Amino acid sequence: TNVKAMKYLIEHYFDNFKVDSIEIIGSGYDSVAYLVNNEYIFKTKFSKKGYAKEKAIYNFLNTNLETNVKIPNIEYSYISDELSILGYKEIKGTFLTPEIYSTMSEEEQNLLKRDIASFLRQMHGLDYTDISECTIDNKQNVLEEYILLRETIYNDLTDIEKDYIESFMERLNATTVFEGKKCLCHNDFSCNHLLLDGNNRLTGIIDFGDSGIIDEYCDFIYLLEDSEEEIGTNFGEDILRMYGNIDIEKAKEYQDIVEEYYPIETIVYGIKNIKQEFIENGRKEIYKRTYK
Ligand SMILES: NC[C@H]1O[C@H](O[C@H]2[C@H](O)[C@@H](O[C@H]3O[C@H](CO)[C@@H](O)[C@H](N)[C@H]3O)[C@H](N)C[C@@H]2N)[C@H](O)[C@@H](O)[C@@H]1O
Ligand SMILES: Nc1nc2c(ncn2[C@@H]2O[C@H](COP(=O)(O)OP(=O)(O)NP(=O)(O)O)[C@@H](O)[C@H]2O)c(=O)[nH]1
Ligand SMILES: [Cl-]
Ligand SMILES: [Mg+2]
Ligand SMILES: [Mg+2]
């Protein structure tokens, strides 16, 4: 019953809000999300690594997007250094999964793909001046993360681990995939964030918590992912073709680079948050990838 505490905080911070019911519907490792009154999502976090940007982004998009695809619309927010809460009406629907996709008719699949493409085209096309502050430079961030590695645990890594990192840094230095179009991206655009209605059409998109002005290629990273969690490379390829005017080969390169980085990102997260578990997981993942 983290629930009782959160109920207290909600009713305390939002003057006239009454919690008749509240259950946990999702949990990150940093955050917890709650379904309140079978109607409202409350996303909450205990510590500037908070929800101010995410709020600015919903507000920018609800103002500027013209689409029937629903996104969170923030009605309640409390933002402080130690605690952030965002409340919005739950988008209703079913989350896309590989299993579900595989039961869809070819036409249903095509329409879903089209809807996705169309959403991304609209969002990426937005004049982002009003949120110009929300920029993200992935290359620079990785360079800074590498420095942090060097200043902390690098020297205690194994040769195999070092070689995996250095081989990645060499690739990062040689790639051209950061030199293209920048635009506003969702930046965590995977199928556990996509909602379907009863006709298997795209009805909503959630979790713009990593969104920012970044490489156009970023929003295809999970659509191109080949894994148990995602639909598959062909799904992303097809979506890229529908989206148009984008170098597919570079999109795939970008995805492949971000996937190579994942275990390192996992390690860095563990260092930054003082969680050994993640440091260990990421190093182990390097070995699993090395021996594939
Ligand atoms: N779990 C196993 C899988 O993990 C990654 O893919 C998943 C990402 O981790 C998720 O994103 C999360 O992690 C990111 C940093 O990695 C964060 O930025 C983001 N805020 C988080 O929601 C994303 N939404 C779905 C995607 N399938 C690897 O690519 C994949 O090979 C591996 O099989
Ligand atoms: N049906 C539905 N579920 C939602 C909605 N918003 C959030 N959820 C559920 O709550 C979970 C957590 O939401 P999400 O924004 O992805 O937060 P997070 O990834 O756990 N936290 P963070 O983005 O800070 O890392 C989602 O995976 C989903 O299960 C919504 O509007 N509709
Ligand atoms: Cl370790
Ligand atoms: Mg999420
Ligand atoms: Mg998120």
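No lab work stands behind these numbers, since they all come straight from the coordinates. Cβ coordinates were reconstructed from backbone atoms using ideal geometry, including for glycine residues, and neighbour counts include every protein chain displayed.
Assorted remarks:
- Long-range amide H partners of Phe189 with built H, under 5 Å: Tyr222
- In this structure, the residue pairs whose Cα-Cα separation is over 19 Å, taken from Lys48/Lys92; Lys162/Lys284; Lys139/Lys252, are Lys48/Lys92.
- Long-range HN-HN contacts of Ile25 with modeled amide H, under 5 Å: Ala33, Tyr34, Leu35
- HN-Hα J in Hz across the stretch 55-68 - Karplus 6.51, -1.76, 1.60, θ = phi - 60°, x for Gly and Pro: 4, 4, 6, 4, 5, 4, 6, 5, 6, 9, 6, 10, 7, 8
- Between the stretch 1-57 and the stretch 239-292, the Cα center-to-center distance that results, in Å: 29
- Scoring 124-133, 213-222, 282-291, 33-42 by mean Cβ neighbours within 10 Å over their residues and listing the highest first yields 213-222, 33-42, 282-291, 124-133.
- In the stretch 91-183, the alpha-carbon atoms span a convex hull of 219 Å³ per residue.
- Over the C-alpha trace of the chain, radius of gyration and Dmax come out as 20.0, 59 angstrom.
- Rg [Å, one decimal], Dmax [Å, integer] - the stretch 21-122, C-alpha atoms: 16.1, 48
- Figure legend: label point modelled 7 angstrom from the Cα of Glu144 along Cα→Cβ; residues of the stretch 232-275 with amide N under 15 Å from it are 268-269, 272-273.
- Each peptide in 226-233, 267-274, 204-211 gets a packing score, the mean of other Cβ atoms within 10 Å over its residues, and the list from highest to lowest is 204-211, 267-274, 226-233.
- Between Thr290 and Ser227, the contour length at 0.36 nm per residue exceeds the alpha carbon distance by 20.9 nm.
- Projected over all directions and averaged, the alpha-carbon convex hull of the stretch 127-262 occupies 10.2 nm².
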